[PDB]
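Residue numbers (the working numbering), protein chains in the order written: chain A, 228 to 277; chain B, 2 to 64; chain C, 20 to 97; chain D, 172 to 271. Don't be surprised by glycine CBs; every beta carbon is placed ideally from N, CA and C. Since the structure comes first, as structure tokens, the remarks are kept for the end.
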Amino acid sequence: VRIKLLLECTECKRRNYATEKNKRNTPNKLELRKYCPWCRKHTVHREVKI
Amino acid sequence: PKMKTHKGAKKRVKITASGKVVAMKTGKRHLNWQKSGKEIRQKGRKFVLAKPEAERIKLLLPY
Amino acid sequence: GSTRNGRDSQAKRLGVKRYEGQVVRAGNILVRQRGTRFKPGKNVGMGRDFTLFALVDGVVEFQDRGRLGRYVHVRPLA
Amino acid sequence: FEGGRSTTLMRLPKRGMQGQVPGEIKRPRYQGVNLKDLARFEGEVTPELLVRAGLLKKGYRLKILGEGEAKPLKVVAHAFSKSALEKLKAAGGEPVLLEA
RNA sequence: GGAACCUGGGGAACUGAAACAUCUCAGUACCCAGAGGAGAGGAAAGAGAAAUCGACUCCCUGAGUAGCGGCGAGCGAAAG
RNA sequence: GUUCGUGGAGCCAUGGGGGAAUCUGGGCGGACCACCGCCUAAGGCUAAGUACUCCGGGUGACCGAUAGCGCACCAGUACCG
RNA sequence: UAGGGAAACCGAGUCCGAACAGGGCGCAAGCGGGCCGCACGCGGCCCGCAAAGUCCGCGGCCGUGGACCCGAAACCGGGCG
RNA sequence: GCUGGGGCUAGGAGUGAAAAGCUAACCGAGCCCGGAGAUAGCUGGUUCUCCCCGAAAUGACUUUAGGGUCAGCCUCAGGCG
RNA sequence: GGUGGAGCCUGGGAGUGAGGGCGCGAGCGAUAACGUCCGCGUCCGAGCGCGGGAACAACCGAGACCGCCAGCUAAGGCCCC
RNA sequence: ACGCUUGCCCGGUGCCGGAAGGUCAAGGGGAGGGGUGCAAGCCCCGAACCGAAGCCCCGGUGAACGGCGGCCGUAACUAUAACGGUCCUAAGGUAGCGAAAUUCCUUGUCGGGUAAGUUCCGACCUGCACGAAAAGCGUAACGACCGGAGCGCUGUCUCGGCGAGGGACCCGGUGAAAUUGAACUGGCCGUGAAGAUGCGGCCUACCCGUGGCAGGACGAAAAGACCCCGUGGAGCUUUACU
RNA sequence: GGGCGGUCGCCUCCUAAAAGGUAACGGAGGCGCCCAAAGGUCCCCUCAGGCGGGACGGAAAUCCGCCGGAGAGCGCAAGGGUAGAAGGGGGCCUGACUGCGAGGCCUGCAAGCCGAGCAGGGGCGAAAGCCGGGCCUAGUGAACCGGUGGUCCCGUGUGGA
Ligand SMILES: [Mg+2]
Ligand SMILES: [Mg+2]
Ligand SMILES: [Mg+2]
Ligand SMILES: [Mg+2]
Ligand SMILES: [Mg+2]
Ligand SMILES: [Mg+2]
Ligand SMILES: [Mg+2]
Ligand SMILES: [Mg+2]
Ligand SMILES: [Mg+2]
Ligand SMILES: [Mg+2]
Ligand SMILES: [Mg+2]
Ligand SMILES: [Mg+2]
Ligand SMILES: [Mg+2]
Ligand SMILES: [Mg+2]
Ligand SMILES: [Mg+2]
Ligand SMILES: [Mg+2]
Ligand SMILES: [Mg+2]
Ligand SMILES: [Mg+2]
Ligand SMILES: [Mg+2]
Ligand SMILES: [Mg+2]
Ligand SMILES: [Mg+2]
Ligand SMILES: [Mg+2]
Ligand SMILES: [Mg+2]
Ligand SMILES: [Mg+2]
Ligand SMILES: [Mg+2]
Ligand SMILES: [Mg+2]
Ligand SMILES: [Mg+2]
Ligand SMILES: [Mg+2]
Ligand SMILES: [Mg+2]
Ligand SMILES: [Mg+2]
Ligand SMILES: [Mg+2]
Ligand SMILES: [Mg+2]
Ligand SMILES: [Mg+2]
Ligand SMILES: [Mg+2]
Ligand SMILES: [Mg+2]
Ligand SMILES: [Mg+2]
Ligand SMILES: [Mg+2]
Ligand SMILES: [Mg+2]
Ligand SMILES: [Mg+2]
Ligand SMILES: [Mg+2]
Ligand SMILES: [Mg+2]
Ligand SMILES: [Mg+2]
Ligand SMILES: [Mg+2]
Ligand SMILES: [Mg+2]
Ligand SMILES: [Mg+2]
Ligand SMILES: [Mg+2]
Ligand SMILES: [Mg+2]
Ligand SMILES: [Mg+2]
Ligand SMILES: [Mg+2]
Ligand SMILES: [Mg+2]
Ligand SMILES: [Mg+2]
Ligand SMILES: [Mg+2]
Ligand SMILES: [Mg+2]
Ligand SMILES: [Mg+2]
Ligand SMILES: [Mg+2]
Ligand SMILES: [Mg+2]
Ligand SMILES: [Mg+2]
Ligand SMILES: [Mg+2]
Ligand SMILES: [Mg+2]
Ligand SMILES: [Mg+2]
Ligand SMILES: [Mg+2]
Ligand SMILES: [Mg+2]
Ligand SMILES: [Mg+2]
Ligand SMILES: [Mg+2]
Ligand SMILES: [Mg+2]
Ligand SMILES: [Mg+2]
Ligand SMILES: [Mg+2]
Ligand SMILES: [Mg+2]
Ligand SMILES: [Mg+2]
Ligand SMILES: [Mg+2]
Ligand SMILES: [Mg+2]
């Protein structure tokens, strides 16, 4: 709460999200991630401000 | 006069043919963040035990 | 002059749920344990909270023997 | 009333659309009927007959749909299922849809 | 002026929601006006999907359906 | 008001402000736009079918003077205010 | 008498889903059963008014109505002083 | 100052050298009728006989502990054996 | 082994959710309470029907279908009421 | 009524004034977007900016609401404060009173009144918690107000007695009332829901009355007038909500 | 008894009577979190202390040898368990996946938890095999009304909104 900055990871090309946090206090800024979408078959993922 | 169908029940549950009452699981709509794929995914129309004898009473005229 | 501390937690209700000499199915929890008081033997799998269950069905047996911990053995029927 | 607490009916959520303030969209519907059940009587079977034979309440339109064996005879309906076309296809000639 | 009925103008509160302020009770009881053996309404600037019905009133259906509602209590059509 | 509690909120009347046209004019078919259908508002009247019983009569698995309307009787009287 | 699905839509299958994985809903499981039609797959038959449901009666219980009865402190409307 | 006669003021109102006094023998908001057979989880009462079985005062929750929903305990009917 | 108002499944129908005594295992209390709250069992409640304990619901025996001018016993007694 | 006064502070609130400044509604204005239509057109939004009252901010107002302190050292032991340093500080109670309709400790201490005074009177100040127009201190007269003392006299009392009338009592006449389970209703000791006429044991007691006392029948009256509960109802308050 | 005070949810130990459960205004304590590593796989090592010493050094810094079998540590209070790792160090990655889920523990219901295994596509390891977060138990909130993306399902005569 108010340190975690709970967010969701975007498809980075079209649509989906992944719903896991990234801290604002510790400099974990712009963390790339590979995750499993439905259609695009294990492409890369990045953050969103929501 | 003729009794009235409980519209909350009509919009929330769905009675089947053989008396069973089918309704969704809870703990899913508000916050779903810190939950696994199991806890997000397993919302699979739980069944209600010994309450449908007091739940098909307000699903009454059209069932 | 008031009550300092009068609260207590709800019990999670652990314990041995399937003793030996009992016919089981694939998936029955043999013991709900807090720590791993029982170690897995044949056809026994652990989970997240150290809970071990049966992989196949059959007559279960305990205590193959010690020096490493208590054992659970789901032995199949032939 | 499950006492003063929230009842089990209220604790579980709702799914379907409630609708808008004009109401529902008055669209026609389909009525599936078993081809092992309307194969009793004989003739070029249509509406104005099967709605008189006991089934088929005088409303929306119908379609022939069942799991069973059929009799070779003519049938005029609005729709057919992708198995009753083959179960009815045995010495059976039919129009697939009416005037529309 | 007239036992009851009807139309128009005002119009509540207890109760129900096991409190309760929106809501229900209820546009009910009650107050006023005029007319009647009934009153009101009435010949579409209608209804709503079929190129359809064809003034209005009342009963049974449609149907406690569609819908409205701290989507709670509960209220509740219209077409045909 | 209609089921419509301001919701996407139509239609019917309007308390106030702006404010025309007369069939190549308008309104409606539920925010709204185009097509396609329905009807003429801003004037008025209308029997019949429907509600009720002061009163008339016939009926009643209606009652029989603590019942039945408050009163079967010289009752909305004696009496209280 | 066919049900799933929020609906579209489909249907002895529907939905979740890329999917015949898998699961939730229903489905067919046979009661009276001379059925030997002569192929022991017996197809289905005399045949219990039934799986199968509807209409009426009579009971228990329930909801809306005052709802087993009696009893308030109070609130509002119209009036009398 | 006291008092006769004719008047005015009224119910969330009147009046009050102020007590919340008085307003038709009872005023921290009169009286009569109607809503209203208001509500009461709060007291009391609940009427003939015989037979069979037979409780509970426990657990999980409730602006809730004197009342509740489900389970436990009991009875009836239909099935398993 | 155990045919018993034993069990298991479905449906209908209530009531109960102020309990208390006794023995043991305990907490609080003061190793006090016919004190409070649990568990293991019984009884009263619902057996204030019976005998004993002088009288008394839970201390003991005993589980009252009715009747008899019949016996045997349980707890308790045998000097008299 | 009247004699002497109303001293301290405008920080919070109420109020008054404010052509500087922040915020803000309806509304005006509108870049830039959205829907639809072949387009002409129509219908939705719309950020900049302007835009009163009110709120914020400044000053004033205390016979406006409201309040007015603690701590450490110093004089021939004690005491100080009149002096030196701090502030939750806006400000630390001035005059005048004071164990008072104020004081818990307390019946504080001293003196008067009494032989004896938790009351009273006058001071001391150690004011839990007086106090200046919710006014402070006194005041001639007055009060069916309260408290204290004394005087002559009285049954009020020590300590009662007697007499008179109207009742009470008897008789003649009329003759109710609330209460009420039926009662053929003894005492003690125990038991019983823990206060017995009814239960057990012992003792006493012929039946029925008349006058009186009120100890009992947990006597009567009012469904506790104190306390608690009811998601009871009302009256009142406010910066509780609308 | 009410008021004043304390408490209202979750976790740990006891009370709690050797299955589970079990109360009191009974005792002792914690929580409304945190980790892109404090996660997965693979590969190495075994701790804390005591003794004999040291160059400063508190008797504790850092180093060597012996004894030391778990008295350390495992993010956090307490309990269980752990060196035949879950502990410490390094490489590579994000399975801190998506659709399901047989069979269960417990529960009045709602909830909470374990989950072998199927498909797609991955990570580690040569493979066998593991990975659907954290050694575990606390770290949270049913429902309703709405906000932001995708889905193009409905969209009130028709096409769109
Ligand atoms: Mg129906
Ligand atoms: Mg009327
Ligand atoms: Mg009207
Ligand atoms: Mg109301
Ligand atoms: Mg209510
Ligand atoms: Mg209404
Ligand atoms: Mg007239
Ligand atoms: Mg008239
Ligand atoms: Mg007529
Ligand atoms: Mg007429
Ligand atoms: Mg007329
Ligand atoms: Mg007319
Ligand atoms: Mg006309
Ligand atoms: Mg009609
Ligand atoms: Mg509206
Ligand atoms: Mg209009
Ligand atoms: Mg107008
Ligand atoms: Mg218009
Ligand atoms: Mg329109
Ligand atoms: Mg006209
Ligand atoms: Mg008549
Ligand atoms: Mg009479
Ligand atoms: Mg007679
Ligand atoms: Mg008179
Ligand atoms: Mg399936
Ligand atoms: Mg299946
Ligand atoms: Mg069948
Ligand atoms: Mg019935
Ligand atoms: Mg007078
Ligand atoms: Mg009134
Ligand atoms: Mg007033
Ligand atoms: Mg006045
Ligand atoms: Mg009076
Ligand atoms: Mg009164
Ligand atoms: Mg009444
Ligand atoms: Mg009413
Ligand atoms: Mg109730
Ligand atoms: Mg019996
Ligand atoms: Mg029950
Ligand atoms: Mg039976
Ligand atoms: Mg039994
Ligand atoms: Mg209770
Ligand atoms: Mg209880
Ligand atoms: Mg108990
Ligand atoms: Mg007791
Ligand atoms: Mg005791
Ligand atoms: Mg018994
Ligand atoms: Mg007795
Ligand atoms: Mg005895
Ligand atoms: Mg007894
Ligand atoms: Mg017997
Ligand atoms: Mg003998
Ligand atoms: Mg065009
Ligand atoms: Mg254009
Ligand atoms: Mg244009
Ligand atoms: Mg005077
Ligand atoms: Mg005397
Ligand atoms: Mg006299
Ligand atoms: Mg006499
Ligand atoms: Mg006694
Ligand atoms: Mg006797
Ligand atoms: Mg006696
Ligand atoms: Mg006397
Ligand atoms: Mg235990
Ligand atoms: Mg035990
Ligand atoms: Mg790890
Ligand atoms: Mg390892
Ligand atoms: Mg469940
Ligand atoms: Mg960890
Ligand atoms: Mg339209
Ligand atoms: Mg359209």
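| Item | Value |
| --- | --- |
| Report buried or exposed for residue 236 (chain A), applying the criterion of at least 16 other Cβ atoms within 10 angstroms of its Cβ. | buried |
| Does residue 17 (chain B) have its Cβ less than 9 Å from a Cβ in chain D? | no |
| Please determine, among D:204, D:208, D:185, D:197, the residue with the shortest C-alpha to C-alpha distance to residue 30 (chain B). | D:185 |
| Could you name the residues of chain B that residue 246 (chain A) contacts, counting a contact when the two beta carbons are closer than 8 Å? | 33, 34 |
| Is it true that the region 250-268 of chain A meets the region 72-85 of chain C, where meeting means three or more beta-carbon pairs spaced less than 8 Å apart? | no |
| Within this structure, are the beta carbons of residue 244 (chain D) and residue 203 (chain D) separated by less than 9 Å? | no |
| Look up residue 199 (chain D) in the DSSP assignment and say whether it is helix, strand or coil. | coil |
| Can you tell me which of the three DSSP states residue 234 (chain D) falls into? | strand |
| Could you give the residue range of the alpha helix (DSSP H) that holds residue 38 (chain B)? | 38-42 |
| Our contact map puts residue 206 (chain D) next to residue 241 (chain D) with C-beta atoms below 8 Å; I'd like the distance itself, whole angstroms only. | 5 Å |
| Would you tell me roughly how many angstroms separate the C-alpha atoms of residue 62 (chain B) and residue 74 (chain C), rounded to the nearest one? | 49 Å |
| Could you confirm whether any beta carbon from chain B is found closer than 9 Å to the beta carbon of residue 230 (chain D)? | no |
| Applying a beta-carbon distance threshold of less than 9 Å, which residues of chain D neighbour residue 25 (chain B)? | 183, 184, 185, 186 |
| Contact between the region 232-239 of chain D and the region 249-263 of chain D: three or more CB pairs below 8 Å? | yes |
| Strictly below 8 Å CB to CB, what residues from chain B border residue 202 (chain D)? | Near residue 202 (chain D) there are no residues of chain B at all, since even the closest Cβ is about 17 Å away, more than 8 Å. |
| Quick one: what does DSSP say residue 210 (chain D) is sitting in, helix, strand or coil? | coil |
| Please report whether the beta-carbon of residue 179 (chain D) lies at a distance below 9 Å from any beta-carbon of chain B. | yes |
| Looking only at DSSP bridge pairs, what is residue 4 (chain B) linked to? | Per DSSP, none; premise fails for residue 4 (chain B). |
| Which residues in chain B have a C-beta closer than 8 Å to the C-beta of residue 189 (chain D)? List them in chain order. | 12 |
| Is it the case that the Cβ atoms of residue 48 (chain B) and residue 5 (chain B) are separated by a distance below 9 Å? | no |
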